[PDB]
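Taking it in order: structure first as structure tokens, then the write-up.
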Amino acid sequence: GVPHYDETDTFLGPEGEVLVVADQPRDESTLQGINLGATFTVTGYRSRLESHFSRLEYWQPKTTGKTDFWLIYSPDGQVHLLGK
Amino acid sequence: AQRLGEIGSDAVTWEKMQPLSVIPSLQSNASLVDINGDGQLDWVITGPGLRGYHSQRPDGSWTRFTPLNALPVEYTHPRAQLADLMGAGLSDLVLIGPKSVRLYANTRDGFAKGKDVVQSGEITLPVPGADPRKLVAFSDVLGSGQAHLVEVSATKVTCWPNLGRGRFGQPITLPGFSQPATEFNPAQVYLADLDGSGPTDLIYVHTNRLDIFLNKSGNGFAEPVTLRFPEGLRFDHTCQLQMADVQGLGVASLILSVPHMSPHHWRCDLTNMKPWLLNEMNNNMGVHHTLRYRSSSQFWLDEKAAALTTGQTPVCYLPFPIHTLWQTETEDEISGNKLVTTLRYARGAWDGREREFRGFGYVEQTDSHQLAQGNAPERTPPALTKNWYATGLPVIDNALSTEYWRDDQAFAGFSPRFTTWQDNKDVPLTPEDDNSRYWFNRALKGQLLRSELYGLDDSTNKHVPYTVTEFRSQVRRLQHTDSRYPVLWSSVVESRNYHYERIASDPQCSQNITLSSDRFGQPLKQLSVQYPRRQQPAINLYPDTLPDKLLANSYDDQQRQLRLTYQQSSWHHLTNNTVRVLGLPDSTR
Amino acid sequence: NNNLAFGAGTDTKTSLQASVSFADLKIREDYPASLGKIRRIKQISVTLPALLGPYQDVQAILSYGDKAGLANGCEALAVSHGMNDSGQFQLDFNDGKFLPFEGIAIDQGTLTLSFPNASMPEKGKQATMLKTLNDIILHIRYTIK
Amino acid sequence: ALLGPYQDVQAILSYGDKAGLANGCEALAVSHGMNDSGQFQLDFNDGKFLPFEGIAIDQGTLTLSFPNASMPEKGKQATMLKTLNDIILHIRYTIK
Amino acid sequence: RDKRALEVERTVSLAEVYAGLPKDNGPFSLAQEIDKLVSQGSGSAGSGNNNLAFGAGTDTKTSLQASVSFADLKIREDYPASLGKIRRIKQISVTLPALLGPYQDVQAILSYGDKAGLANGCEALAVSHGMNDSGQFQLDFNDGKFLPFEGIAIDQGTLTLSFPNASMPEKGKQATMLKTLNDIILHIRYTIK
Amino acid sequence: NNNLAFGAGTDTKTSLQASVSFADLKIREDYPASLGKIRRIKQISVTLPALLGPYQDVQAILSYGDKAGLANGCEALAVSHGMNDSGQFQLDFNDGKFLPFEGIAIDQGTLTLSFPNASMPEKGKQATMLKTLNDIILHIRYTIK
Amino acid sequence: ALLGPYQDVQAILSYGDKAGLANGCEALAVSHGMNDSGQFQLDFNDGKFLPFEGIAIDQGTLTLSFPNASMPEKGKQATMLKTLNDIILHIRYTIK
């Protein structure tokens with residue numbers, strides 16, 4: 001179905017697997033030392049079928065003046081930023 | 001449907017009608033529709049005081065009556081229609097008014113509380129049945145994969161995009177369609193994806209011809225293609241034009257059913273191949289690749305027919321035909337040789353719960369050489385490779401074993417292992433319920449389970465493989481503290497290799513076993529096993545063109561030792577909220 | 001008595017007529033003689049498979065061209081739709097009345113189906129409908145006694 | 001016209017001439033719009049005359065009236081009438 | 001002495017009747033024997049009152065007669081005896097799930113070959129379309145009249161279903177439809193009291 | 001009075017019976033007392049959501065096991081099929097007759113539904129049908145007065 | 001609303017005012033919820049007056065009562081009502 005955009009939705013990762021929440025949400029304001037200007041709720045994700053064990057994060061601002069974003073931590077230390 | 005003629009032909013016919021052995025007793029206010037999105041048609045009863053259904057199973061049996069958990073009072077309302085408005089692949093219940101729609105989402109066990117969706121702006125929706133001079137229907141005319149609300153009249157076609165959850169966008173005019181407007185009769189308007197593409201075309205029937213307007217990707221219609229009717233046939237209000245892929249070609253054929261004192265039918269084939277597929281490649285350096293496709297329903301009919309000859313009852317687990325690659329041909333110019341790969345597929349399946357195709361449980365590949373004329377007296381025989389794969393539906397996966405080549409002295413075959421990560425151990429687990437069995441078995445999909453290689457020569461041992469490879473997979477549960485599905489991980493725990501070289505006796509055989517692995521799937525403990533030679537059976541099964549006593553002279557003691565290579569290992573893992581590095585090797589013994 | 005023609009009336013010259021002899025239908029032969037000799041028509045409906053528009057009607061008169069106990073008004077029947085179209089707004093075999101054509105022997109006489117305003121040169125209203133007409137089907141109900 | 005599942009139409013059909021109209025067959029209501037007869041039940045056997053019955057097929061005038069049609073005054077038919085494509089009469093008549 | 005009787009329907013497949021005959025009575029597959037009897041202009045199948053045969057009238061020699069003994073249908077065993085001893089047929093409808101199109105007719109007569117409290121003209125029924133076909137233009141169970149076959153005891157006598165113009169060598173009209181007849185279904189309504 | 005058993009009659013030992021107490025259905029509590037105290041059954045139909053073979057029927061008898069104004073022949077109802085099967089060939093609420101079970105108080109007595117030839121080790125005809133019968137449904141029409 | 005597999009509707013429609021309500025035309029029961037005229041068989045020509053017949057269209061009040069609605073009492077209709085989107089009255093009336 002068409003998403004509701006109300007956090008009842010699920011997400012697909014780099015490969016179209018369903019992501020699940022792995023990590024209880026935590027707060028953060030600084031990404032790699034960069035003060036993003038807002039506190040974000042950061043939720044960790046895993047694929048339902050865990051291929052290559054990458055780790056994903058969803059960053060959700062607690063404000064309205066900022067957008068969300070995703071991070072991916074690859075097994076080789078490679079870090080990706082999506083949708084910023 | 002039945003295969004007509006020999007297996008491998010592409011002809012389709014139908015068998016003598018027979019009573020179904022079992023049908024529902026309740027056939028009052030019922031209809032045959034899919035309401036769960038399973039692929040199984042449901043005889044759905046919505047009568048005075050009773051709501052439920054009988055689902056038709058793939059083996060021909062029916063389920064017992066299943067009550068609906070919830071059905072809308074309006075289900076039976078005169079303007080009620082079923083359509084996918086949620087965009088979920090399910091048919092939702094909806095009533096359309098000019099300014100709003102009443103939508104009851106299909107929740108796959110009954111329906112959701114109805115919601116009234118008010119349309120935005122000044123959008124006014126057509127209401128089907130409101131005006132006899134035009135057709136209103138739900139169809140995909142944009143090629144987006146969603147039915148849109150479409151109005152067709154003599155002078156124009158107007159589409160209102162389906163934005164989901166009952167929301168419609170502004171009308172779009174799709175130019176190019178036009179009828180005389182005095183002679184226009186919606187009864188004569190048929191819709192179909194005749195070219196096998198995204199959007200649906202528009203066919204207008206005239207008494208002596210079919211006026212076909214191709215859909216130019218939702219941006220209007222192509223100039224009409226006029227197909228004359230065969231002589232003696234004329235279309236009228238008693239005649240039916242049907243559009244269906246009766247031939248499994250991936251595209252509908254046009255069927256004219258005319259009951260004029262003696263029903264007779266005609267069918268127009270527009271293509272025998274699905275248009276928009278890659279067909280050729282030429283690299284301009286002499287290599288030319290030709291692809292061909294064959295639908296899964298034709299492979300099914302061949303499978304079905306083969307079963308008849310052995311008295312077996314096959315079951316097709318794939319209601320949704322797909323086009324698979326078949327007869328890939330590579331022509332080497334300059335050289336003049338041709339290489340042909342033929343694929344055969346069997347036992348494929350549709351999931352039905354996640355609404356996805358799982359894959360084929362069996363793929364058979366031939367490999368044939370057509371050497372340039374004048375090069376050889378038909379040297380280089382074709383090869384055959386049989387591959388069995390998990391579908392993750394253990395009605396198929398379990399059956400696949402009977403198709404394996406039999407070696408009476410073989411090692412025991414494999415079955416999947418399921419585990420749970422318990423106190424960091426790979427602890428065996430038998431799934432607690434059906435939901436876990438589902439989630440675990442699907443994690444096996446696509447895994448090669450077995451591979452056999454044969455040469456297709458003219459010898460006496462042509463029925464013995466050169467090689468056999470077997471695999472054992474494992475699915476580990478890592479996290480189930482979530483929505484119902486678990487986080488699963490899988491890999492091959494064991495792999496066994498046999499080398500027969502077409503001699504049924506005395507094969508070589510070895511096996512790789514991962515005894516233990518880390519939380520990130522690293523091979524903490526591995527073992528390689530080299531099995532001993534079997535102790536010289538009475539019957540050689542060798543060519544016997546051999547030197548005297550050679551076979552006796554081929555046996556030795558080293559061949560009888562069991563070797564186990566055992567390796568321990570360890571890795572570092574940098575895991576924190578800021579760093580992720582996995583698998584850095586540390587040590588091994 | 002099995003032909004097509006234009007009419008010869010004063011207001012029917014542009015009407016297209018079709019006719020059929022009951023005697024040539026060989027209805028009687030469908031059942032054994034021993035079942036009874038009196039075989040008479042109970043009711044006739046007409047189907048006109050044709051391609052028509054959504055508000056397009058049919059104008060046709062079915063009539064019996066012979067001597068028979070036709071009731072006053074059961075002599076002829078109008079067709080308006082052509083879809084198993086009886087000559088009545090309601091068809092009821094129990095209303096106490098004789099039906100159109102009731103009592104005609106299945107062997108005797110000729111039916112004519114007349115389509116007025118058929119000639120194309122006269123711009124007849126049915127001139128375009130007739131050209132989309134593929135057959136004429138009669139549904140004859142009859143009894144054996 | 002585009003009426004929803006629970007939306008009616010209000011219109012009166014009447015004969016504007018001298019004829020032997022029965023009292024109550026002078027005018028007919030329209031409420032649903034789909035082959036809508038002037039009655040809750042239609043039966044040609046109830047022993048009664050139907051609306052407009054007996055009027056010569058070639059004499060006089062019919063009128064169909066939609067109350068509350070004007071848009072500037074916010075009428076109710078006013079929004080529906082903008083979506084009315086045509087008017088269709090179904091006339092059953094007899095030849096004697 | 002009136003009583004609302006129990007109103008009971010029963011469906012009979014003739015294919016299962018002939019197929020189910022004791023071996024000594026010549027059991028047979030109906031569709032297959034019909035095909036042979038249509039292709040040949042003569043012959044018979046089965047025995048006793050459970051058979052197929054060509055008729056012996058002067059104008060029925062070209063017809064096929066399917067015969068079924070009511071006694072052998074064991075209708076009376078469906079419900080317990082205690083519900084009533086009188087078990088009589090109220091109405092019989094014939095279904096012929098043939099490939100008989102909407103514009104095609106079948107000529108067949110259903111009749112009772114025995115002594116019973118029949119009304120005159122109720123001894124035989126005509127079947128013309130084969131779809132729950134009562135030999136009536138309209139069916140009304142409350143029109144004040146007795147129906148075809150009404151009152152016949154459910155275990156007595158024999159029915160015959162006759163298809164005229166069946167013989168293929170005579171170029172009979174039904175000869176081609178009979179070759180495609182899958183079954184004969186009798187829907188029997190009867191009452192208990 | 002809320003059970004399953006085989007019948008005790010001489011010709012019922014192979015009949016499977018089901019019985020239900022009206023008193024335990026609590027029909028009476030669906031509506032408030034103020035609307036009327038006399039609550040009587042007008043009509044009962046039986047629905048049987050089972051699977052059947054090619055041309056198989058369903059044999060069942062519905063009857064009232066208590067003292068009531070049961071007219072002659074309104075004592076019991078025969079079921080031939082499961083499609084909201086009333087006790088007649090036609091159901092007519094206005095033919096001037098009382099219907100089966102009509103007038104029985106909604107909370108009194110017991111109904112029994114009997115399936116003859118139910119026993120499997122006897123080869124009863126209904127023995128297989130019953131193994132495809134997931135539920136038994138009574139649709140009850142009653143009035144408040 | 002939505003109903004469970006064997007669920008029915010229990011509702012009473014009644015007129016809360018002074019009017020010529022015939023004996024038994026005072027109130028109507030709803031059972032299926034779909035154009036549910038609370039009659040086992042509806043006939044506009046059986047010679048009888050129908051429920052609520054004769055009430056002026058602009059006089060008095062209708063009440064629709066759903067028994068066993070209160071959720072704390074675990075009323076049987078309580079869960080039906082939670083799914084009820086609207087209430088629709090189809091009113092036939094005549095002008096004379």
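Identifiers for the structure tokens are assigned positionally: chains receive A, B, ... in sequence, residues are indexed from 1 per chain, and ligands are indexed from 1 in the order shown.
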
Neighbours of segment 38-44 of chain A within 10 Å (only C-alpha atoms; same-chain residues fewer than 2 positions away dropped), as a compact mmCIF listing (two decimals) with N, CA, C and O atoms, in the first residue's frame?
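File written: around28.txt
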# COMPACT_ATOMS: atom_id res chain seq x y z
N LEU A 19 13.45 -3.39 6.40
CA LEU A 19 14.25 -3.02 7.54
C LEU A 19 13.42 -3.11 8.79
O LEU A 19 12.24 -2.75 8.79
N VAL A 20 14.06 -3.48 9.88
CA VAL A 20 13.40 -3.59 11.16
C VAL A 20 14.16 -2.75 12.15
O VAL A 20 15.34 -2.51 11.96
N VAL A 21 13.54 -2.37 13.25
CA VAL A 21 14.31 -1.63 14.22
C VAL A 21 15.11 -2.54 15.09
O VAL A 21 14.58 -3.43 15.73
N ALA A 22 16.38 -2.29 15.14
CA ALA A 22 17.26 -3.06 15.95
C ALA A 22 17.65 -2.33 17.21
O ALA A 22 17.80 -2.93 18.28
N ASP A 23 17.85 -1.04 17.08
CA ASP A 23 18.38 -0.28 18.20
C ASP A 23 17.34 0.62 18.76
O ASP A 23 16.71 1.38 18.01
N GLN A 24 17.20 0.60 20.07
CA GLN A 24 16.27 1.48 20.72
C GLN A 24 16.73 2.86 20.33
O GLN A 24 17.94 3.09 20.29
N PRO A 25 15.84 3.81 20.11
CA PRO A 25 16.18 5.13 19.69
C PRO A 25 17.00 5.84 20.73
O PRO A 25 16.77 5.66 21.93
N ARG A 26 17.92 6.66 20.26
CA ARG A 26 18.80 7.44 21.10
C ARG A 26 18.82 8.86 20.60
O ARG A 26 18.45 9.11 19.46
N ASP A 27 19.21 9.82 21.41
CA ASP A 27 19.29 11.16 20.84
C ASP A 27 20.68 11.46 20.37
O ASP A 27 21.66 10.96 20.92
N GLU A 28 20.78 12.36 19.40
CA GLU A 28 22.07 12.86 18.96
C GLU A 28 21.95 14.26 18.36
O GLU A 28 20.89 14.65 17.89
N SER A 29 23.03 15.04 18.41
CA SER A 29 23.05 16.37 17.80
C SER A 29 24.27 16.58 16.91
O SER A 29 24.30 17.48 16.06
N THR A 30 25.28 15.74 17.10
CA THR A 30 26.52 15.93 16.37
C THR A 30 26.93 14.73 15.57
O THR A 30 27.16 13.64 16.09
N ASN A 35 27.74 19.90 14.32
CA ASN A 35 26.55 20.22 15.07
C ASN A 35 25.51 20.57 14.06
O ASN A 35 25.52 21.64 13.45
N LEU A 36 24.57 19.68 13.91
CA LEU A 36 23.57 19.72 12.88
C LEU A 36 22.54 20.82 13.10
O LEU A 36 21.72 21.08 12.23
N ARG A 46 18.18 -3.00 10.92
CA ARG A 46 18.78 -4.19 10.32
C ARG A 46 17.85 -4.68 9.25
O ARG A 46 16.69 -4.29 9.24
N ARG A 55 24.73 -1.82 8.98
CA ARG A 55 23.88 -1.18 9.97
C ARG A 55 23.34 0.13 9.48
O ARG A 55 24.07 0.98 8.97
N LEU A 56 22.05 0.35 9.67
CA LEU A 56 21.47 1.57 9.16
C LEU A 56 20.90 2.42 10.27
O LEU A 56 20.40 1.90 11.26
N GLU A 57 20.96 3.73 10.10
CA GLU A 57 20.34 4.61 11.07
C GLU A 57 19.38 5.56 10.43
O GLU A 57 19.64 6.11 9.36
N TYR A 58 18.29 5.83 11.12
CA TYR A 58 17.35 6.84 10.67
C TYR A 58 17.35 8.01 11.62
O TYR A 58 17.11 7.86 12.81
N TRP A 59 17.70 9.16 11.09
CA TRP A 59 17.82 10.37 11.87
C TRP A 59 16.61 11.25 11.72
O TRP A 59 16.33 11.75 10.63
N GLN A 60 15.87 11.44 12.80
CA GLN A 60 14.64 12.21 12.76
C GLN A 60 14.68 13.43 13.65
O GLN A 60 14.69 13.31 14.87
N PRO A 61 14.65 14.63 13.10
CA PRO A 61 14.80 15.83 13.87
C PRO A 61 13.64 15.94 14.81
O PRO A 61 12.53 15.54 14.47
N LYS A 62 13.87 16.55 15.96
CA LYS A 62 12.83 16.81 16.94
C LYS A 62 12.20 18.17 16.73
O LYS A 62 11.38 18.63 17.53
N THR A 63 12.61 18.81 15.65
CA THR A 63 12.17 20.12 15.22
C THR A 63 11.49 20.05 13.88
O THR A 63 11.24 18.97 13.34
N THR A 64 11.10 21.21 13.40
CA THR A 64 10.41 21.36 12.13
C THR A 64 11.27 22.08 11.11
O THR A 64 10.98 22.08 9.92
N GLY A 65 12.38 22.67 11.56
CA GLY A 65 13.25 23.45 10.68
C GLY A 65 14.32 22.61 9.99
O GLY A 65 15.18 23.14 9.28
N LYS A 66 14.28 21.32 10.24
CA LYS A 66 15.25 20.37 9.74
C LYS A 66 14.56 19.16 9.18
O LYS A 66 13.52 18.77 9.70
N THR A 67 15.17 18.55 8.19
CA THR A 67 14.70 17.33 7.58
C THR A 67 15.39 16.13 8.19
O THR A 67 16.36 16.27 8.93
N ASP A 68 14.90 14.95 7.87
CA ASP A 68 15.48 13.71 8.35
C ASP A 68 16.60 13.27 7.42
O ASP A 68 16.98 14.03 6.54
N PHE A 69 17.22 12.14 7.72
CA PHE A 69 18.22 11.55 6.84
C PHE A 69 18.55 10.13 7.25
O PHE A 69 18.17 9.68 8.33
N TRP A 70 19.25 9.41 6.39
CA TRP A 70 19.72 8.09 6.77
C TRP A 70 21.20 7.91 6.66
O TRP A 70 21.84 8.46 5.76
N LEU A 71 21.75 7.10 7.56
CA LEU A 71 23.14 6.74 7.46
C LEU A 71 23.29 5.26 7.29
O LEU A 71 22.49 4.48 7.81
N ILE A 72 24.33 4.85 6.59
CA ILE A 72 24.63 3.43 6.51
C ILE A 72 26.06 3.19 6.88
O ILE A 72 26.97 3.83 6.37
N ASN B 577 28.41 3.10 17.66
CA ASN B 577 27.45 3.91 16.93
C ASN B 577 28.10 4.73 15.82
O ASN B 577 27.42 5.31 14.98

Using only C-alpha atoms, which protein or nucleic acid residues come within 8 Å of residue 71 of chain C? Drop anything in the same chain fewer than 3 positions from it, and give the result as a compact mmCIF listing (two decimals) with C-alpha atoms, in the first residue's frame.
# COMPACT_ATOMS: atom_id res chain seq x y z
CA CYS C 74 -52.96 -10.86 -31.96
CA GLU C 75 -52.69 -10.56 -35.74
CA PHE C 98 -54.55 -15.28 -25.68
CA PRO C 100 -49.98 -12.84 -30.10
CA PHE C 101 -50.15 -15.59 -32.72

**Message:** Going by DSSP on the backbone, which residues of segment 6-177 of chain E come out as helix (DSSP H, G or I)? List them as a ChimeraX atom specification.
**Reply:** /E:14-19,23-25,30-39,70-73,75-77,81-83,168-170,175-177

Dump C-alpha atoms for the selected residues as a CSV table (one decimal), in the first residue's frame?
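Writing the result to selection17.csv gives the following:
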chain,number,residue,atom,x,y,z
E,14,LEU,CA,-28.2,-41.3,-14.5
E,15,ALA,CA,-24.6,-41.8,-15.2
E,16,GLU,CA,-24.3,-43.1,-11.6
E,17,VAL,CA,-27.3,-45.2,-12.0
E,18,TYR,CA,-26.2,-47.1,-15.0
E,19,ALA,CA,-22.6,-47.2,-13.8
E,23,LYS,CA,-22.5,-56.6,-12.6
E,24,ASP,CA,-25.1,-59.1,-13.7
E,25,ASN,CA,-27.3,-56.3,-14.9
E,30,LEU,CA,-23.7,-43.7,-20.1
E,31,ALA,CA,-21.9,-41.3,-22.3
E,32,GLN,CA,-20.0,-44.1,-24.0
E,33,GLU,CA,-23.0,-46.3,-24.6
E,34,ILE,CA,-24.8,-43.4,-26.0
E,35,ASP,CA,-22.1,-42.7,-28.4
E,36,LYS,CA,-22.2,-46.3,-29.7
E,37,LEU,CA,-26.0,-46.3,-29.9
E,38,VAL,CA,-26.0,-43.1,-31.8
E,39,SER,CA,-23.4,-44.2,-34.3
E,70,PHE,CA,-37.4,-45.9,-9.5
E,71,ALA,CA,-37.2,-48.9,-7.2
E,72,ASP,CA,-33.4,-49.1,-7.8
E,73,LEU,CA,-32.8,-45.6,-6.9
E,75,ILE,CA,-34.9,-43.0,-2.6
E,76,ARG,CA,-36.8,-44.4,0.4
E,77,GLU,CA,-33.5,-45.1,2.2
E,81,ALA,CA,-39.1,-44.7,7.9
E,82,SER,CA,-40.6,-43.1,11.0
E,83,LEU,CA,-41.1,-39.8,9.2
E,168,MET,CA,-26.9,-41.3,-36.9
E,169,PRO,CA,-27.4,-43.6,-40.0
E,170,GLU,CA,-30.8,-41.9,-40.5
E,175,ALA,CA,-27.6,-37.5,-33.6
E,176,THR,CA,-24.8,-35.0,-33.2
E,177,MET,CA,-25.8,-33.6,-29.8

**Message:** Report as a PyMOL selection string all protein, DNA and RNA residues lying within 9 Å of residue 93 of chain G, evaluated on only C-alpha atoms, omitting residues in the same chain fewer than 3 positions from it.
**Reply:** chain G and resi 53-54+56-57

Could you take the residues named above and write them with C-alpha atoms, as an mmCIF file, in the first residue's frame?
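Generated file (result-v1.cif):
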data_model
loop_
_atom_site.group_PDB
_atom_site.id
_atom_site.type_symbol
_atom_site.label_atom_id
_atom_site.label_comp_id
_atom_site.auth_asym_id
_atom_site.auth_seq_id
_atom_site.Cartn_x
_atom_site.Cartn_y
_atom_site.Cartn_z
ATOM 1 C CA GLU G 53 -47.084 6.125 7.200
ATOM 2 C CA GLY G 54 -48.937 9.419 7.232
ATOM 3 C CA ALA G 56 -45.939 14.860 8.072
ATOM 4 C CA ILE G 57 -42.413 15.301 6.755
#

Transformed chain D, reference chain G, in-order C-alpha pairing, as a tab-separated table (two decimals) with C-alpha atoms, in the first residue's frame:
chain	number	residue	atom	x	y	z
D	1	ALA	CA	-21.10	-0.70	9.88
D	2	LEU	CA	-18.87	-3.64	9.60
D	3	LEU	CA	-21.06	-6.64	10.06
D	4	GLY	CA	-19.92	-10.10	9.05
D	5	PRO	CA	-21.88	-12.59	6.86
D	6	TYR	CA	-23.61	-13.98	9.88
D	7	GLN	CA	-23.86	-10.98	12.10
D	8	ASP	CA	-26.87	-8.89	12.82
D	9	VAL	CA	-27.61	-5.46	14.22
D	10	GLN	CA	-30.20	-4.71	16.82
D	11	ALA	CA	-31.91	-1.39	16.55
D	12	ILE	CA	-35.30	0.21	16.98
D	13	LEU	CA	-36.55	3.14	15.02
D	14	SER	CA	-39.49	5.04	16.46
D	15	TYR	CA	-41.52	8.22	16.20
D	16	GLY	CA	-41.41	10.46	19.26
D	17	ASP	CA	-44.49	12.64	18.76
D	18	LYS	CA	-48.24	12.70	18.37
D	19	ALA	CA	-49.38	11.34	15.05
D	20	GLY	CA	-51.90	8.82	13.70
D	21	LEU	CA	-49.47	5.96	13.97
D	22	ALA	CA	-51.11	2.62	13.43
D	23	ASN	CA	-50.77	0.10	16.19
D	24	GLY	CA	-47.48	-1.48	15.26
D	25	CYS	CA	-46.42	1.31	12.89
D	26	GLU	CA	-45.28	3.27	15.93
D	27	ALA	CA	-41.88	1.60	15.83
D	28	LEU	CA	-39.72	-0.36	13.46
D	29	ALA	CA	-37.07	-2.97	13.90
D	30	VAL	CA	-33.73	-2.91	12.11
D	31	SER	CA	-31.88	-6.24	11.81
D	32	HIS	CA	-29.57	-6.46	8.78
D	33	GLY	CA	-28.63	-2.84	8.29
D	34	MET	CA	-28.65	-2.70	4.48
D	35	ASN	CA	-31.62	-0.66	3.24
D	36	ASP	CA	-33.42	-2.49	5.95
D	37	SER	CA	-37.22	-2.17	5.97
D	38	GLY	CA	-39.29	-2.89	9.09
D	39	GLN	CA	-40.60	-6.14	7.82
D	40	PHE	CA	-39.81	-9.60	6.57
D	41	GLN	CA	-41.31	-8.79	3.17
D	42	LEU	CA	-41.96	-5.47	1.55
D	43	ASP	CA	-45.01	-5.02	-0.52
D	44	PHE	CA	-46.81	-1.77	-1.25
D	45	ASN	CA	-49.83	-3.72	-2.45
D	46	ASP	CA	-50.82	-5.84	0.58
D	47	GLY	CA	-53.59	-3.50	1.61
D	48	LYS	CA	-51.82	-2.43	4.79
D	49	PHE	CA	-50.28	0.77	6.06
D	50	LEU	CA	-46.53	0.80	6.29
D	51	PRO	CA	-44.46	1.73	9.36
D	52	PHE	CA	-44.54	5.47	9.95
D	53	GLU	CA	-46.96	5.98	7.12
D	54	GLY	CA	-48.85	9.24	7.12
D	55	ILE	CA	-46.42	11.29	9.23
D	56	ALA	CA	-45.85	14.82	8.04
D	57	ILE	CA	-42.37	15.13	6.57
D	58	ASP	CA	-41.68	18.20	8.65
D	59	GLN	CA	-43.06	17.29	12.07
D	60	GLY	CA	-41.89	15.44	15.12
D	61	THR	CA	-38.77	13.45	15.82
D	62	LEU	CA	-37.28	10.10	14.96
D	63	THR	CA	-35.20	8.07	17.29
D	64	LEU	CA	-32.97	5.14	16.51
D	65	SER	CA	-32.11	3.03	19.55
D	66	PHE	CA	-29.27	0.55	19.94
D	67	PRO	CA	-29.76	-1.64	23.03
D	68	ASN	CA	-26.75	-3.13	24.68
D	69	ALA	CA	-24.53	-0.33	23.27
D	70	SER	CA	-22.63	0.60	26.39
D	71	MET	CA	-19.02	-0.74	26.31
D	72	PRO	CA	-18.28	-0.75	30.10
D	73	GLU	CA	-21.15	-3.18	30.58
D	74	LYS	CA	-19.98	-5.36	27.71
D	75	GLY	CA	-22.91	-4.76	25.41
D	76	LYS	CA	-23.23	-6.41	22.02
D	77	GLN	CA	-23.72	-3.37	19.91
D	78	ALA	CA	-20.89	-1.90	21.87
D	79	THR	CA	-18.22	-3.40	19.66
D	80	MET	CA	-20.07	-2.81	16.40
D	81	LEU	CA	-20.99	0.76	17.13
D	82	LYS	CA	-17.35	1.69	17.22
D	83	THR	CA	-17.37	0.71	13.54
D	84	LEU	CA	-20.60	2.52	12.56
D	85	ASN	CA	-19.67	5.37	10.27
D	86	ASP	CA	-23.08	6.86	9.68
D	87	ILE	CA	-26.82	6.35	9.80
D	88	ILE	CA	-28.79	6.60	6.59
D	89	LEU	CA	-32.49	7.01	6.33
D	90	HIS	CA	-34.30	6.31	3.18
D	91	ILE	CA	-37.49	8.23	3.19
D	92	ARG	CA	-40.20	7.53	0.75
D	93	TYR	CA	-42.84	10.19	0.88
D	94	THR	CA	-45.59	11.50	-1.25
D	95	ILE	CA	-46.79	14.92	-2.31
D	96	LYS	CA	-50.50	15.47	-2.63

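Of note, atom CA of residue 166 of chain B and atom CA of residue 101 of chain B are spaced 6.3 Å apart.
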
**Asked** Within 7 Å of chain C, which residues of chain B show up when using only C-alpha atoms, listed as an MDAnalysis selection string?
**Response** chainID B and resid 132:133 183:185 207 234 236:238

**Asked** If we count only C-alpha atoms, which residues of chain C reach to within 12 Å of chain D? Please list them as a PyMOL selection string.
**Response** chain C and resi 54-57+61+72-74+76-78+80+87-92+95
